Amino acid sequence: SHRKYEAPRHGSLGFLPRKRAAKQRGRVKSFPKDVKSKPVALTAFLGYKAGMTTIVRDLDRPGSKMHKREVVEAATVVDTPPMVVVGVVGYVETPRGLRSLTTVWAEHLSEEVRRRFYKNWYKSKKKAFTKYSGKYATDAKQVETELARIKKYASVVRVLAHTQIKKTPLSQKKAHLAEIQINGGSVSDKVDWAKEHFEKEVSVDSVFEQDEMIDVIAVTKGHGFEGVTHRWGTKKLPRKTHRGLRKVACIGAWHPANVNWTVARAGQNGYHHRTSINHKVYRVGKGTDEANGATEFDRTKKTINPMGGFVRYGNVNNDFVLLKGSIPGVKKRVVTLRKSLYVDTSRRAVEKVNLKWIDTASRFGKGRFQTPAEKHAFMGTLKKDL
Amino acid sequence: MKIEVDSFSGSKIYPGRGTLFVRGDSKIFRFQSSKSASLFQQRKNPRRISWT
Amino acid sequence: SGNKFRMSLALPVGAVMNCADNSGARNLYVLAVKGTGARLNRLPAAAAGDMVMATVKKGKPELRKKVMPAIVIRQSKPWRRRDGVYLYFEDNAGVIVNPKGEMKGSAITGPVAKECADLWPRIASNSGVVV
RNA sequence: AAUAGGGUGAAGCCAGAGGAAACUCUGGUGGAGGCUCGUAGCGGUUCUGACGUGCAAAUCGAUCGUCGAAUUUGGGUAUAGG
RNA sequence: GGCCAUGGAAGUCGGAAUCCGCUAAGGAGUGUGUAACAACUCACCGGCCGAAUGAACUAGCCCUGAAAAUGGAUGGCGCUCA
RNA sequence: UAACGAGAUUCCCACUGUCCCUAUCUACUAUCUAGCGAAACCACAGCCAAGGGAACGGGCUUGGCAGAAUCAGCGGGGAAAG
RNA sequence: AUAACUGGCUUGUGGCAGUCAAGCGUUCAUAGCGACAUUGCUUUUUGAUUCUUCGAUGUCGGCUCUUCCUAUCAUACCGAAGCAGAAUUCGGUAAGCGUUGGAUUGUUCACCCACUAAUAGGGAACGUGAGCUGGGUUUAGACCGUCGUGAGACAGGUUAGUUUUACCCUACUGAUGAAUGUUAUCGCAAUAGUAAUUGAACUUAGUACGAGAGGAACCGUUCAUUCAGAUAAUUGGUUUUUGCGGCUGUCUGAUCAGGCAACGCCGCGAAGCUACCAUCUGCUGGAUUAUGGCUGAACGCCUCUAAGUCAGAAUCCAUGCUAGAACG
Ligand SMILES: [Mg+2]
Ligand SMILES: [Mg+2]
Ligand SMILES: [Mg+2]
Ligand SMILES: [Mg+2]
Ligand SMILES: [Mg+2]
Ligand SMILES: [Mg+2]
Ligand SMILES: [Mg+2]
Ligand SMILES: [Mg+2]
Ligand SMILES: [Mg+2]
Ligand SMILES: [Mg+2]
Ligand SMILES: [Mg+2]
Ligand SMILES: [Mg+2]
Ligand SMILES: [Mg+2]
Ligand SMILES: [Mg+2]
Ligand SMILES: [Mg+2]
Ligand SMILES: [Mg+2]
Ligand SMILES: [Mg+2]
Ligand SMILES: [Mg+2]
Ligand SMILES: [Mg+2]
Ligand SMILES: [Mg+2]
Ligand SMILES: [Mg+2]
Ligand SMILES: [Mg+2]
Ligand SMILES: [Mg+2]
Ligand SMILES: [Mg+2]
Ligand SMILES: [Mg+2]
Ligand SMILES: [Mg+2]
Ligand SMILES: [Mg+2]
Ligand SMILES: [Mg+2]
Ligand SMILES: [Mg+2]
Ligand SMILES: [Mg+2]
Ligand SMILES: [Mg+2]
Ligand SMILES: [Mg+2]
Ligand SMILES: [Mg+2]
Ligand SMILES: [Mg+2]
Ligand SMILES: [Mg+2]
Ligand SMILES: [Mg+2]
Ligand SMILES: [Mg+2]
Ligand SMILES: [Mg+2]
Ligand SMILES: [Mg+2]
Ligand SMILES: [Mg+2]
Ligand SMILES: [Mg+2]
Ligand SMILES: [Mg+2]
Ligand SMILES: [Mg+2]
Ligand SMILES: [Mg+2]
Ligand SMILES: [Mg+2]
Ligand SMILES: [Mg+2]
Ligand SMILES: [Mg+2]
Ligand SMILES: [Mg+2]
Ligand SMILES: [Mg+2]
Ligand SMILES: [Mg+2]
Ligand SMILES: [Mg+2]
Ligand SMILES: [Mg+2]
Ligand SMILES: [Mg+2]
Ligand SMILES: [Mg+2]
Ligand SMILES: [Mg+2]
Ligand SMILES: [Mg+2]
Ligand SMILES: [Mg+2]
Ligand SMILES: [Mg+2]
Ligand SMILES: [Mg+2]
Ligand SMILES: [Mg+2]
Ligand SMILES: [Mg+2]
Ligand SMILES: [Mg+2]
Ligand SMILES: [Mg+2]
Ligand SMILES: [Mg+2]
Ligand SMILES: [Mg+2]
Ligand SMILES: [Mg+2]
Ligand SMILES: [Mg+2]
Ligand SMILES: [Mg+2]
Ligand SMILES: [Mg+2]
Ligand SMILES: [Mg+2]
Ligand SMILES: [Mg+2]
Ligand SMILES: [Mg+2]
Ligand SMILES: [Mg+2]
Ligand SMILES: [Mg+2]
Ligand SMILES: [Mg+2]
Ligand SMILES: [Mg+2]
Ligand SMILES: [Mg+2]
Ligand SMILES: [Mg+2]
Ligand SMILES: [Mg+2]
Ligand SMILES: [Mg+2]
Ligand SMILES: [Mg+2]
Ligand SMILES: [Mg+2]
Ligand SMILES: [Mg+2]
Ligand SMILES: [Mg+2]
Ligand SMILES: [Mg+2]
Ligand SMILES: [Mg+2]
Ligand SMILES: [Mg+2]
Ligand SMILES: [Mg+2]
Ligand SMILES: [Mg+2]
Ligand SMILES: [Mg+2]
Ligand SMILES: [Mg+2]
Ligand SMILES: [Mg+2]
Ligand SMILES: [Mg+2]
Ligand SMILES: [Mg+2]
Ligand SMILES: [Mg+2]
Ligand SMILES: [Mg+2]
Ligand SMILES: [Mg+2]
Ligand SMILES: [Mg+2]
């Protein structure tokens, strides 16, 4: 017999299997399509999710009842110090897909990225990349030969870049190393750009502008093993059900005499790889700016950091990106910011954002002050101040 | 924008922070947190609450 | 004639609100909400500014025992506005109207949500304090 | 042989008031009842709870009936397979 | 502008009629167009090219007729002057 | 038919996570370890689809396929056990 | 060796669909219908039978959940009308996507109220009881009515009546893992999966259309329904932070400070978790179906078709998204 009443399915079959991600660093599955006419530029950047805050902004959306009126919006802070370019990989078009031809590395690698290649760095002789560094012996013609091979045969050029994790408050010393595809210009232009940027820092302001729409690649929050009620949003069984109620009552018909792959089952929830698109860039802050949290209407000399610091992260002392809404991942997670794969002409994508005010009250409680000066002005002298 | 002030403790109410209450007599009350709201719901006296 | 943003629903089917107009009704018993789609086991629920099908449980006898449209003008369940403000009223109240949104009464006792007044001009005319 | 603590307040009795009489009314006192709330006790309503290769060949938890009598109960004793 | 119906109907709204005369040719008219005519178009006869053409029926293969629930069976692969 | 009722039934007030629609917390399990250590059941066993067949196959036929050793859950099947 | 489920043959019965066209449809068989007949399909009805099971396959219904069919209720694109507009009806490609909340009833069925784009019909052992529930049916107690001399019967009514076991195999959901010299980083992508849905308002516009009454649509703009994936700013919820405060009883001679009340109780309560009770996000190219066309024979004309060819759907394949073959 049929179901007595129809209802949509619980959960999406396009995010199966609901297993743990193979790596904690989210990987860019697809890069923006290459246009030769554009200038040579990076398509991605690596940052760390610091925390969430609140802003106030005047909306520019004609026909809305909030047009030219203040709206309060959730925002995410991504700590993004400049990345260091250390390598370049060439890919060749084959009838079996892209195939990496050659990887050329820089002469000098910093210690934080050389720790990436070790599980027990403190017990090691740290021999990584010493002979390759010797490949630069007084003529470095091997490197030029490999670069010429890339220029001659590669169709896709990607740079190898790592984060400067010593500039973040994290106690982890391993850098995060990733491939970022180079778009724009000819293959020769891309290879020359990659070589000239070896051991150099590249900032976010050279990759992303304010008001841009970008995508976020990250591994979500882990919740461990979860029952069907919260893993899949299935209906709880009645209170008086024997042997428990946080179940799916019928896990299959008699025939097919198997459990189908489409049936909700208990298992591991979260820690999934996600690609989230259309996040607007409200701010590309600079670490050297002493007025990160200041706007054109709030001239309070104020950093982006809340009072008492971001909870379980610390302070953002680097360049940062302030994105609208929420992005996948947890605090301290490495986040990949990728450029959009299409051209969006909707009013939401082309709106120019001008911020009124950024919340910097404490996130560790019901904070009611934006600044210690404001706090001491409100409360006056305390006993500990003498 | 405009910073509002708690109708109980006098705390500064920044945009979005806290709750807003409209009584029957249309008089508006602004609470910066649940604690100030909760004391008002328990009909306490802010004049007698030592930190307001 | 309007497009109001989503609000946290306050009044599921079976809720009894106060009747805030001088039509002579004192209760408005919610039995349906206009614009409610299909979802198994989900109760229709109304926010301020929603049209509702209701009966008068307590009031003048000629208003009682009938289905009539009504509009919710205030709700005690807190809801968030696009300006970030979470607000709530002391009670849930509604007023009897036409299918066109024209009130059965001519005056309203108590405050009215700005969502309802922005969406129903006939209730704004007959309304006093608008929050 | 055994049966916490309360509630209600029957006859009988004391004092006063009204009435021509026949009588009536009020305040106390008294402590009846297979009365009542409710322990121990005796029982076993519901969760159709736990358990259901159990602690247990009938138990466990909460909730519950009744709880001064047709009450509960030890021992002795009688009745024995159409 | 046939008769009668019709505000009007003249072939082309609708009813008895369906004729005659010239014709090789032409219906009291096959349509479009008008409030109605007009208008053009057709019915049939002409000129032109010049060798074939039209209708009904029969039965071979193919197609339509030909809708059900796990994915799937000319045994499978696959096969088209097989 | 007053009163009584762990009797059956309908409505109202109050109250409630029964529900909209779920979320959070505690202890004990489950989990891992040392020690200890049963039982049910057992033709042989254990991936699917169709076919035919004692007319609902794990085995047969025709196909899909198929790579050691494994852990926690689960209740579709073993037309599971009793 | 034989009935009461499922399953199998049949398809009378049930349901659905054709053809022939006397009539209906102001004229007018076929816009839409269609008698007398007649050809079929289906197995969601009921019969017919008794092949399997009586050393037992747990027999109603609901809840929960997945999948499948199309004979399509809604949503996409189109053809037809006795289509002026609006509305409506018939049909084609179509199962991608949805198909509800309740009063009474154990009900399946039904009927009412109401929202909605719609509240289509079905299958999967009449799906689904080691998933639940146990209201019904169908043991034993008991009452009533009718029947019986009676014991007792009723396919009549009523009330009370134990719903057991998974640690095995497989399958599912997740999780490790030997060896393909060792170890480390970054990758490629076979194959498998896949995702969005529907409504409303403003403008167009009181415009086209229409005597009037009435009354559209494309571009664009703002919201909402159902669904999906995250996230914890804010707000709310939660409290063994037993963090802070308060309260009762008792114990430590008092105080201070504490113990116990099977977390003693109460107010607040960060962090963490979490809610359409909160916020964010949900992509763009090609090829096609129906269909409308171009050129153009067959067939000196005609003809979307025969060769060739254009556009084109919620379809399909890609882009994008998930896993990454543990013998790529
Ligand atoms: Mg579906
Ligand atoms: Mg709006
Ligand atoms: Mg290391
Ligand atoms: Mg060299
Ligand atoms: Mg960095
Ligand atoms: Mg969720
Ligand atoms: Mg039970
Ligand atoms: Mg916080
Ligand atoms: Mg603060
Ligand atoms: Mg329901
Ligand atoms: Mg239900
Ligand atoms: Mg006593
Ligand atoms: Mg009594
Ligand atoms: Mg005692
Ligand atoms: Mg006892
Ligand atoms: Mg039990
Ligand atoms: Mg219990
Ligand atoms: Mg057990
Ligand atoms: Mg309890
Ligand atoms: Mg008693
Ligand atoms: Mg007694
Ligand atoms: Mg006695
Ligand atoms: Mg005795
Ligand atoms: Mg004794
Ligand atoms: Mg005997
Ligand atoms: Mg004998
Ligand atoms: Mg004998
Ligand atoms: Mg005998
Ligand atoms: Mg044909
Ligand atoms: Mg055929
Ligand atoms: Mg041959
Ligand atoms: Mg009773
Ligand atoms: Mg009784
Ligand atoms: Mg009754
Ligand atoms: Mg009765
Ligand atoms: Mg176990
Ligand atoms: Mg052990
Ligand atoms: Mg066994
Ligand atoms: Mg297979
Ligand atoms: Mg069988
Ligand atoms: Mg089989
Ligand atoms: Mg088989
Ligand atoms: Mg077998
Ligand atoms: Mg054989
Ligand atoms: Mg074989
Ligand atoms: Mg089973
Ligand atoms: Mg077994
Ligand atoms: Mg059995
Ligand atoms: Mg038949
Ligand atoms: Mg028939
Ligand atoms: Mg049959
Ligand atoms: Mg049989
Ligand atoms: Mg049997
Ligand atoms: Mg057997
Ligand atoms: Mg049987
Ligand atoms: Mg079975
Ligand atoms: Mg049964
Ligand atoms: Mg069809
Ligand atoms: Mg589907
Ligand atoms: Mg509905
Ligand atoms: Mg009911
Ligand atoms: Mg019901
Ligand atoms: Mg019936
Ligand atoms: Mg069966
Ligand atoms: Mg059947
Ligand atoms: Mg069944
Ligand atoms: Mg069946
Ligand atoms: Mg079962
Ligand atoms: Mg059972
Ligand atoms: Mg059942
Ligand atoms: Mg039963
Ligand atoms: Mg029963
Ligand atoms: Mg019945
Ligand atoms: Mg009986
Ligand atoms: Mg008799
Ligand atoms: Mg009977
Ligand atoms: Mg009878
Ligand atoms: Mg009983
Ligand atoms: Mg057992
Ligand atoms: Mg190895
Ligand atoms: Mg694929
Ligand atoms: Mg949907
Ligand atoms: Mg006019
Ligand atoms: Mg426009
Ligand atoms: Mg809607
Ligand atoms: Mg969701
Ligand atoms: Mg959602
Ligand atoms: Mg809180
Ligand atoms: Mg909290
Ligand atoms: Mg002391
Ligand atoms: Mg003590
Ligand atoms: Mg969207
Ligand atoms: Mg062709
Ligand atoms: Mg392989
Ligand atoms: Mg393989
Ligand atoms: Mg494979
Ligand atoms: Mg494989
Ligand atoms: Mg591999």
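Read-outs: derived from the displayed coordinates by stated rules, not from any lab. Here the Cβ positions follow ideal geometry from the backbone for every residue, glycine too, while neighbour counts run over all protein chains shown.
Going through segment B:18-34 one residue at a time, which ones are more than 7 Å from every other protein chain (Cβ to nearest Cβ) and surrounded by 15 or more Cβ atoms within 10 Å (Cβ to Cβ)?
B:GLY18, B:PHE29, B:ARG30, B:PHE31
Just to be sure I understand the filter: pairs with C-beta atoms under 8 Å, separated by 6 or more residues or on different chains, first member in segment A:137-150 and within 14 Å of chain C (Cβ to nearest Cβ), second member of a type in the set (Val, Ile, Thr) and within 16 Å of ligand 60 (Cβ to nearest atom). Which pairs pass?
none
Looking at segment C:72-82, can you tell me whether even one residue there is among the β-branched types (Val, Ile, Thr) and surrounded by 19 or more Cβ atoms within 10 Å (Cβ to Cβ)?
yes
When you scan segment A:237-247, do you find a residue that is away from ligand 85 (no atom under 16 Å from the Cβ), free of Cβ contacts under 8 Å to residues at least 60 places away in the same chain and within 14 Å of chain C (Cβ to nearest Cβ), even just one?
The answer is yes; a qualifying residue exists.
C:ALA38 versus (1) within 30 Å of A:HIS10 (Cα to Cα); (2) more than 14 Å from every other protein chain (Cβ to nearest Cβ); (3) more than 16 Å from ligand 2 (Cβ to nearest atom): which is the lone unmet condition?
Single failed check for C:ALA38: (2).
Report yes if some residue within segment A:250-259 is more than 16 Å from ligand 5 (Cβ to nearest atom), under 19 Å from A:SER326 (Cα atoms) and either within 14 Å of another protein chain (Cβ to nearest Cβ) or not small (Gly, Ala, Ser) (or both); otherwise report no.
No, every residue in segment A:250-259 fails to be more than 16 Å from ligand 5 (Cβ to nearest atom), under 19 Å from A:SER326 (Cα atoms) and either within 14 Å of another protein chain (Cβ to nearest Cβ) or not small (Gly, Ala, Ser) (or both).
Please pick out the residue among A:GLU374, A:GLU290, A:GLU351 that is more than 23 Å from A:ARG61 (Cβ to Cβ) and more than 14 Å from chain B (Cβ to nearest Cβ). Walk me through it before giving the result.
Numbers: A:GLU374 fails: more than 14 Å from chain B (Cβ to nearest Cβ); A:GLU351 fails: more than 23 Å from A:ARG61 (Cβ to Cβ).
Just one listed residue meets the conditions, A:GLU290.
From C:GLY101, C:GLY128, C:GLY49, C:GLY110, which residue is on the phi > 0 side of the Ramachandran plot, within 11 Å of another protein chain (Cβ to nearest Cβ) and not aromatic (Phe, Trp, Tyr)? Give the derivation first.
On the way: C:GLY101 fails: within 11 Å of another protein chain (Cβ to nearest Cβ); C:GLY128 fails: on the phi > 0 side of the Ramachandran plot; C:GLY49 fails: within 11 Å of another protein chain (Cβ to nearest Cβ).
Unique residue meeting the criteria: C:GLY110.
Could you tell me how many of the residues in segment A:249-269 are in contact (Cβ under 8 Å) with a residue 24 or more places away in the chain and surrounded by 10 or more Cβ atoms within 10 Å (Cβ to Cβ)?
Result for segment A:249-269: 7.
Kindly list the number of the only condition in (1) over 30 Å from A:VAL35 (Cα atoms); (2) over 27 Å from the mean Cα position of the chain (by Cα); (3) not in a helix (DSSP H, G or I) that fails for A:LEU170.
Status for A:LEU170: all satisfied but (2).
Quick check, is A:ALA218 farther than 23 Å from A:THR80 by Cβ and away from RNA strand D (no atom under 16 Å from the Cβ)?
no
Of a type outside the set (S, T, N, Q) and either within 16 Å of ligand 3 (Cβ to nearest atom) or within 27 Å of A:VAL335 (Cβ to Cβ) (or both): which single residue out of A:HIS223, A:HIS255, A:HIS242 fits that description?
A:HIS223
Does C:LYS66 qualify as being within 14 Å of the chain's Cα centre (by Cα), surrounded by fewer than 19 Cβ atoms within 10 Å (Cβ to Cβ), in a loop (DSSP other than H, G, I, E, B) and more than 16 Å from ligand 8 (Cβ to nearest atom)?
no
Residue-wise test of (1) within 14 Å of chain C (Cβ to nearest Cβ); (2) in contact (Cβ under 8 Å) with a residue 60 or more places away in the chain; (3) over 25 Å from A:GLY329 (Cβ atoms).
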site	(1), (2), (3)
A:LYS49	no, yes, no
A:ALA75	yes, yes, no
A:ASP79	no, yes, no
A:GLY90	no, yes, yes
A:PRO95	no, no, yes
A:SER100	no, no, yes
A:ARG115	no, yes, no
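In segment A:11-46, which residues are closer than 21 Å to A:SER206 by Cα and in contact with a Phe, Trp or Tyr (Cβ under 8 Å, 6 or more places away or on another chain)?
Across segment A:11-46, the qualifying residues are A:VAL40, A:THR43, A:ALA44, A:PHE45.
Yes or no, residue by residue, for (1) within 27 Å of C:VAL85 (Cα to Cα); (2) more than 16 Å from ligand 60 (Cβ to nearest atom):
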position	(1), (2)
C:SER8	yes, yes
C:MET17	yes, yes
C:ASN22	no, yes
C:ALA25	no, yes
C:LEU31	no, no
C:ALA38	no, no
C:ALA45	yes, no
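Could you list all residues from segment B:1-12 that are within 8 Å of another protein chain (Cβ to nearest Cβ) and surrounded by 17 or more Cβ atoms within 10 Å (Cβ to Cβ)?
Hits for segment B:1-12 are B:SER11, B:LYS12.
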